[PDB]
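Below you will find one chain, with nothing else, as structure tokens; this is the form deposited in one PDB entry, and questions on how it binds or moves follow later.
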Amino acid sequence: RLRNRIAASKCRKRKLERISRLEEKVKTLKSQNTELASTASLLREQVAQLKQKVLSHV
């Protein structure tokens, strides 16, 4: 009846290590997404300004 107590603790520890693995994943992905979407915005802005520069020349 102890083979189950050490097996229930081995399982709970495995999920915790699993969760903290995901939460950091989710944490890192959001910060890369904020930096990408920040980068996309800047390019859209530059692409609009270049297009305007062309149309203003004929």
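If you superpose the two forms and keep the largest set of C-alpha atoms that fall within 1.5 Å, you have the rigid core. In case it trips you up, residue 1 is the first one in the sequence shown, and so on.
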Going by the mean C-alpha B-factor recorded in the entry, which is higher: 4-12 or 47-55? 4-12
Would you determine, from the values in the PDB entry, which of 38-46 and 17-25 has the greater average C-alpha temperature factor? 17-25
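Beyond what is shown, the protein has a form deposited in another entry; the following relates to that form.
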Please name the single residue among 9, 41, 20, 49 whose Cα shifts by at least 2 Å between this form and the one not shown after core superposition. 9
